[PDB]
Amino acid sequence: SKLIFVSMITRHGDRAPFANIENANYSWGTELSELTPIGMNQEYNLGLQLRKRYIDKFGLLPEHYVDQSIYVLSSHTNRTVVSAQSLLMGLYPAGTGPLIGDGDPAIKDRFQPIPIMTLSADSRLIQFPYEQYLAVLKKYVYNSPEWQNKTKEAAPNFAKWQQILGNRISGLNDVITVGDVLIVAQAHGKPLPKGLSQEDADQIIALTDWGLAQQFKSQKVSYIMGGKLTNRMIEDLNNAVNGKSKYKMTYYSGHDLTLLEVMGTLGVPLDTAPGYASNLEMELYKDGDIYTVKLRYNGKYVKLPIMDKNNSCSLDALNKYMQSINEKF
Amino acid sequence: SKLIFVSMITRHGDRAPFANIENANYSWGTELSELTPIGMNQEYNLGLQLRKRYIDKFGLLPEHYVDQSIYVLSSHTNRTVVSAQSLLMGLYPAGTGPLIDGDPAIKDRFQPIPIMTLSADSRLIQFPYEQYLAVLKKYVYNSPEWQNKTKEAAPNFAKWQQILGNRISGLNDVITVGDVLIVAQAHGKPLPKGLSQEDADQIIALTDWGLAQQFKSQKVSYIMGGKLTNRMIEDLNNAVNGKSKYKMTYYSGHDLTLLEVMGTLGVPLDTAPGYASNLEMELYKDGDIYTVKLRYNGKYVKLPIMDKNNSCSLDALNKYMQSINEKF
C-alpha cells in the first residue's frame, strides 16, 4: 500500500495578541495580530518534520518541488500566509530550489518559491468572519447548559479579575478574550499582571482552553463553520482517485477554529484547544483498487467511528460517513 | 525633499507559454503558464535592485523588514504570486530575516513577507480573460489602426497558418502564436520547421505592436486599469492623510496591468512590457509640499501635468486623476 495524497490544515504559529490587558504594559516586539519570529520558527520546524514524513519516509513528494504538485490556500490574514510560507521553507528548504544556466541558483541559497493563494477576507471557508462567528456562539453556545454551568462555576472570580486586569469581565467570552493575552504573555515569558497570582492566571488560561474546545463539542456548530472545508478536503481525496486533480497535497493554512471545526464536523471534536502550529492530515493510500484513509492530528492517528483497529477506513466509507453528516445538517 | 512612500506594479517574470505551436515539439521543463526558474531569478534580481534604491539610496525602507510596512497584493495566479515572493527575496534577502539568542527564525534568516491574492474574478490587477477579449472585440479589433495593420499583415496569414498548424485568421491569432515564439526565443529553442527568422521576427513584432496598441486608447485603458490607477493614487493620499502607515504598496501583475495603468494616465507604452517590467509612483515630502514622480523600467516618465523635473504636486496628480475619472 502506497501513500498517494494528503490534505492538510495547520493552525498558524505564535502571534502577538489582538487586544491588550488594560492594567499591564506588555511590549511584544511585533505588531498586534502579527506572527512573531517564534511563530515563523514553529511553522518552519513543522515544515521540516513534514519533509521527513512525506518526502523522506513515504516518498509521496519529491525532494525538489514540482510545479502544481501542492495547492496551498490560506485565510486572508498576514499570520496565516506567513505561517504557510514559513512551513513551506521547511518542507522545501534552502538548497532545494531551482537552478538556472550552469547550476547557478534561481534565487540566492536556492530558495524555493511555492505559490500560496488567499481566500477573500469575507470567505467562510477557513476563517469564519468574526461577527458571524460571535453570532453562532450567541445562538448555539453561550446559552447551552454546559456553557451556563461553567459560567456559574467561574462567575465568583469575575469581579476580582476585572478589577485586577482592568478589562471588562462579565462572562466566559470575556475570560477567553483576556485569556489569550495571558497565553501570549506566558509564551513570551512576560511577568504576570500586578495582583494576578499564578493561580488566577492558570484558571483564566484553563477556562480559555476549555471555552474554545467546548464550542466545537457541538457537531452542529462545527458543521456550520467547518462543513464547507471538511467537504472540500474529502473531495480533494476523491479528486486524487477520480483523475480530476494531479495535486499530491492540498494545504489549508488556518487558525485554531479551523482545526476545531473540521475535527468537530467529523465527530471527533478536540478536548483541548489546538496549540500553535497544530496540524491535521487526511492521508489517502492505494493498494491496487483499494483506497484507504487515515486521519492524523498533531502526530497521532485519530479513530473516526467508521475506522478499524488500525485507525483506517475505505475512502468509500469516508464518503458515506460524510454524506450522512451532510444529510444530518 | 524626502521619499516617504512608493506604490509599485510589476509584470511577472519569464514563464512557459499557455498554449503550443501545433507543428513544433517544444519541451519547456516547466508546466504551461508557470513561472520558470529564469523568471524567479528575474524578479529576485529586480528585488535586489529595489533594495539598492529604496533601502540603500533613499532609506525609505529599513534593512530589516518591519511588519505592516509593505502591502503586497497579487492577481490570483501562481506566476504573479511566485514573482512577488521572488522579488521580496531580493528586497529583503536571506540574512536579513528575524532572529529568535541570535538563532534564525528560519534557516539562512529568510524573511517571510505576506502576500494577499485577489480572487480569480477580481478585475483589479488581471481583467478576467473573456471580459478582456470582449473589450478588445468591442473597442480594439474594429478600430482603424487595428484594421489597417491587419491588412498589412494578412498576406502572410496563410503561410504562417500552414507552417505553424495553428489557426491564423487575424492579428489576435498572430498575438496568440507570437507569445509562444517569444518564449521559445527566451529559452533558446530552435525555430519551428519552415518558419524563417524573418517570419518569426515579423510575428513577434506584430505581437509587441498589438499588445501596446490595445492601450493606446485611454478608454480601453480606463475600463481595465482605472480601478488600479485610482487605488495607487489613493495609496499616495493615504500616506499623507494619516489613514495608512504602509511605506510601500506593491501590486504583482501582468503586462496588461502595466499597460492599462500607463494608458489610463495618458502615457501609454509604445512597447509591450518585457518580463519583470515595473512602475513606481514615488511620493516626496519637502515640508508641507508633496511631490510625485512616475518611474517605469528605471526611467522617469513625464505626465502632461509634470514640470521640467518630471514632477508634479500630489494635489496636481489628484486633480489630473479626477478629470480622467470625470472623462470616463
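Residues numbered from 1 in each chain as written, not as in the entry; some residues may be left out. Chains lettered and ligands numbered in written order. Heavy atoms only, no water. Residues with missing side-chain atoms left out of burial classes, pairs and counts.

For this coordinate set, the PDB header names X-ray crystallography as the determination method and states a resolution of 1.691 Å.

(A) Molecular detail of the overall build of chain A. Looking only at helices and strands, chain A features ten helices and ten strands. Its C-alpha atoms give chain A a radius of gyration of 21 Å, near enough to 20 Å, the size a compact globule of 329 residues would have. C-alpha atoms of chain A, sized along the principal axes, occupy 65 × 50 × 35 Å. Within chain A, contacts between residues separated by at least 24 positions form 71% of all contacts whose residues are at least 6 apart in sequence. (Helix = DSSP H or I, 4+ residues; strand = E, 2+ residues; numbered from the N terminus. Rg over C-alpha atoms; globule rule 2.2 N^0.38 Å. Contact = heavy atoms within 4.5 Å.)

(B) Up close: the packing of helix α8 (residues 219–241) of chain A against helix α10 (residues 315–328) of chain A. Residues and elements named next belong to chain A. Viewed as axis vectors pointing N to C, α8 and α10 meet at an angle of 150°, and their least axial separation amounts to 10 Å. As the angle between them shows, α8 and α10 are arranged roughly antiparallel. In the packing of α8 onto α10, the handedness of the crossing is left-handed. Residues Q219, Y223, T230, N231, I234, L237, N238 and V241 of α8 form the contact with α10, whose participating residues are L315, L318, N319, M322, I325, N326 and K328. In terms of residue class, the contact of α8 with α10 is built from eight nonpolar, six polar and one charged. (Axes fitted to C-alpha atoms, helices over the stretch in contact; angles between N-to-C directions. Parallel < 35°, antiparallel > 145°, perpendicular 65-115°, else oblique. Left-handed = near helix turned anticlockwise from the far one by under 90°. Nonpolar A, V, L, I, M, F, W, Y, C, P; charged D, E, K, R; others polar.)

(C) View of helix α6 (residues 171–186) of chain B. In this model α6(B) runs 22 Å from its N-terminal to its C-terminal C-alpha over 16 residues, within 8% of the 22 Å that 1.5 Å per residue would give. A positive backbone phi angle near 65° is found at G188(B), which sits one or two residues after α6(B). (Expected span 1.5 Å × (residues − 1).)

(D) Seen up close, the interface of chain B and chain A. In this assembly, 38 residues from chain B lie in contact with 39 residues from chain A. Between chain B and chain A, the buried area comes to about 3100 Å², and carbon and sulfur atoms account for 64% of it. At the boundary of chain B and chain A, one finds zero salt bridges. Here chain B is connected to chain A by seven residue pairs in polar contact. Those elements that provide at least two residues to the side of chain B that touches chain A are α1 (37–57), α2 (78–91) and β3 (116–117) of chain B. With six residues, α2(B) is the largest single contributor of residues to the side of chain B that touches chain A. When the residues that make up the side of chain B that touches chain A are grouped by side-chain class, the tally is 22 nonpolar, eleven polar and five charged. (Buried area = accessible area lost by both parts, 1.4 Å probe. Salt bridge = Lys/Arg side-chain N within 4 Å of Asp/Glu carboxyl O. Polar contact = N/O pair within 3.5 Å; in protein donor to acceptor, adjacent residues only side chain to side chain.)

(E) Here's a closer look at the side chain of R53(A). Residues and elements named next belong to chain A. Within the secondary structure, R53 is located in helix α1 (residues 37–57). Here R53 falls in the buried class, since its relative accessible area comes to 13%. Other than its neighbours up to four places away in sequence, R53 contacts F58, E283, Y285, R296 and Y301. (Buried < 20%, exposed > 50% of the residue type's maximum accessible area, 1.4 Å probe, protein only.)

(F) Main features of the pairing of strand β8 (residues 290–297) of chain A. Residue and element names in this part refer to chain A. When strand β7 (residues 279–287) meets β8, the two strands line up antiparallel, connected through eight bridges. Residue pairing in the sheet places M282 in a bridge with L295 of β8. A loop of two residues connects β7 with β8, the two strands running antiparallel in sequence, and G288 in this loop sits at a positive phi of about 70°. Both β8 and strand β10 (residues 313–314) contribute to a ladder of two bridges, which runs antiparallel. The partner of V293 across the bridge, within β10, is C313. In this structure, the hairpin formed by β8 and strand β9 (residues 300–302) is closed by a connection of two residues, where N298 is found at a positive phi of approximately 45°. (Pairing = 2+ DSSP bridges.)

(G) Up close: the pairing of strand β1 (residues 2–11) of chain B. Residues and elements named next belong to chain B. Direction of pairing for β1 relative to strand β5 (residues 278–286): antiparallel, over a ladder of eight bridges. Bridge assignment links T10 to a residue of β5, and that residue is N278. Examined bridge by bridge, β1 and strand β4 (residues 248–253) share six bridges and lie parallel to one another. Residue pairing for β4: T10 is matched across the bridge by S252.

(H) Geometry of the pattern of salt bridges. Residue and element names in this part refer to chain B. Tallied over the entire structure, the rule returns 14 salt bridges over all chains. A salt bridge links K149 to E152, with the shortest nitrogen-to-oxygen separation between them at 3.0 Å. Taken together, the residues span about one helical turn, with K149 and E152 both in helix α4 (residues 144–153) at a distance of three residues. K149 sits in the partly exposed class, given a relative accessible area of 21%.

(I) Broad picture of the packing of aromatic side chains. One pass over the full model with this rule turns up 21 aromatic pairs over all chains. Ring centres of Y130(A) and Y133(A) lie 6.1 Å apart, and the angle between their planes is 50°; this geometry places the pair in the tilted category. You can see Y130(A) and its partner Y133(A) sitting in helix α3 (residues 130–141), three residues apart, about one turn around the helix. Residue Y130(A) is classed as exposed on the basis of its relative accessible area, which comes to 56%. Between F157(B) and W160(B), the aromatic rings sit 6.3 Å apart at their centres with planes inclined by 40°, giving tilted as the arrangement. Taken together, the residues span about one helical turn, with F157(B) and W160(B) both in helix α5 (residues 157–164) at a distance of three residues. Residue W160(B) is classed as buried on the basis of its relative accessible area, which comes to 1%. Members of the aromatic cluster, connected to one another through ring pairs, are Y54(A), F58(A) and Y285(A). (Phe/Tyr/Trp six-rings, centres within 6.5 Å; stacked < 30°, edge-to-face > 60°.)

(J) Structural view of the packing of α3(A) against α8(A). Residue and element names in this part refer to chain A. Running from amino to carboxyl end, α3 crosses α8 at an angle of 165°, the nearest separation of the two axes being 10 Å. The orientation of α3 relative to α8 falls into the category roughly antiparallel. Taken as a pair, α3 and α8 cross one another with a handedness that is right-handed. Contacts between α3 and α8 pair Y133, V136, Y140 and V141 from the former with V221, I224 and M225 from the latter. Its residues assigned to classes, the contact of α3 with α8 shows seven nonpolar, no polar and no charged.

(K) Expanded view of unusual backbone geometry. Residue and element names in this part refer to chain B. Positive phi, normally seen in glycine, also occurs at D108, with a value near 70°. Overall, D108 belongs to the partly exposed group, its relative accessible area being 32%. Its identity as a non-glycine residue notwithstanding, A276 has a phi of 60°, on the positive side.

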